[PDB]
Amino acid sequence: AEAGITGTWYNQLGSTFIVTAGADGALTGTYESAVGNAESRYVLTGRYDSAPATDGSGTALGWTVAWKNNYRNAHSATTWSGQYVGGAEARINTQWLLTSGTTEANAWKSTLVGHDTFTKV
Amino acid sequence: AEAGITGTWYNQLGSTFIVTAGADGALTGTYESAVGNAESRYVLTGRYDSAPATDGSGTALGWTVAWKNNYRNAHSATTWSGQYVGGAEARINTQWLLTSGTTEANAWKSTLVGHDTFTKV
Amino acid sequence: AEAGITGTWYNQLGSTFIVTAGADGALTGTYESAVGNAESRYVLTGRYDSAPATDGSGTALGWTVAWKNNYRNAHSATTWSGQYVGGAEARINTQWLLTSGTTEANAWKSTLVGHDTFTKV
Amino acid sequence: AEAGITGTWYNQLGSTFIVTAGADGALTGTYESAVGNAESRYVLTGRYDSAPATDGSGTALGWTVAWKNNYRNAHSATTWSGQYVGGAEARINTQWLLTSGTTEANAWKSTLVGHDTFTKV
Amino acid sequence: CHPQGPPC
Amino acid sequence: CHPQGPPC
Amino acid sequence: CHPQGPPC
Amino acid sequence: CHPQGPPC
């Protein structure tokens, strides 16, 4: 993994994220939603587990993006949890949770759930 | 938030996490599961959205913990997504996703979902 | 379970549901959100697994409510998945998914996730 | 919807479910996991919301399957929450929660989350 | 004021 | 070999 | 037009 | 005895 993870990944909706997997489990990079402008680039930080098994198992990882940058503040944060699978067709299969800051009465509807698959192509 | 977030938090199962909320949305700290030994301390990293609204809304945040340290490698990672609410009784209400690295045939059952509420007490 | 399940349950937000657990795993009843008017009563249907283990394990179950009745059509449906635990303080601990009908472009944000605990008191 | 829903659906893993959508929001049918034997057929029951909007929105629905039949008792139940989209390529896009009955100490890891897309082909 | 919340 | 998976 | 969606 | 649970 690690080396295999570092690079650019694209999901099915048009988002891109570039990440560096450091020697001791760190993941650091940027997530860009669309257009191709600095305005849709947000910082991402996460971790991956740097000594994955040798039975062809995926590498468990996760990262968070807070949706605030210098052009936008969407008062929300998204975390992606999943695993990296390398090889010919490497992919990161994830499930995500997006929480928006709400008032206490609207807290019950503050989190959306979805999934995303990222590829290098 | 930020200042209000920095500190020690306890959840209902006995886990503790200590975190520092930096000026520009960063969250860095350690998560400890039990006993009170270095062996259950894992690095956590995340982000929070540093300019939350002023209608009493919570502060959206998220963090990731990869379950590998020098005594254990559980080949999995957990991400917590939720919001911080301050005041007399400050709490961080979260929903989490725990993914374990699996083989491709067992990928369909690789992620658990749950929730946790953390307090300062 | 079965017998233990049949009855009225209340959750932490003020909702109530009355259900009948039939001999062969069926769950049928009504879910009422608030006020105490026919208008907030919706049909619920689900299933429970009628031969649960004998190591004190909970009884797995689930039910669905479509948010349409004669006074309201909220174009959405909620499913609750969890387990019943009997005894002095019986409860049904659940995690739920609420999906609203959306257009294909908004499908990525069509599902909310949460949790609810129901008691007889 | 309704009419469009009634029929056989296949997901990406090889499962099949046959369902009848009744005039007043009911969904009744069977879910079969594999092989092509009575032993993998389980009862499913759910609901759909029978007056969906006219802006091309999907039809919200959900169903539950308790994993017990005459050949197997897996002490668990799965609920699928999602929406039906008709047309040339009709599909039911879902997110699911699978809960197994556990002891109270293992309750925190009792629910898996995933997603499935069903087609008529 | 979704029916699953309070009140309504 | 949970019934919701393949095969079984 | 949440930043996690397309476009924006 | 996953590290996210009690104890361990």
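What you see of chain D is 37-157, where the numbers are those given in Swiss-Prot.
Going by what the header records, the deposited coordinates were determined by X-ray crystallography, 1.5 Å.
Just so you know, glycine gets a Cβ as well, placed from its N, Cα and C.
Straight from Swiss-Prot, the features:
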BINDING   D:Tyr67, D:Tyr78, D:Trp116, D:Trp132, D:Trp144  biotin binding site
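On the structure: features taken from Swiss-Prot.
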residue  : record              : Cβ neighbours (10 Å)
D:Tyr67  : biotin binding site : 25
D:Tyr78  : biotin binding site : 24
D:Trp116 : biotin binding site : 30
D:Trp132 : biotin binding site : 24
D:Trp144 : biotin binding site : 20
- Task: Find the longest CA to CA distance in the recorded biotin-binding set D:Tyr67, D:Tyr78, D:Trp116, D:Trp132, D:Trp144; express it in Å as a whole number.
- Result: 27
- Task: Return the binding-site residues from the list D:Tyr67, D:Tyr78, D:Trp116, D:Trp144 for which some CB of chain C is under 8 Å from the residue's own CB; sequence order; 'none' if the set is empty.
- Result: D:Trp116
- Task: Kindly assign D:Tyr78 (biotin binding site) to one of the three DSSP-derived states: helix, strand or coil.
- Result: strand
- For the binding-site residues D:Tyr78, D:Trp116, D:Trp144, proximity to chain F (Cβ under 8 Å) holds for D:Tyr78
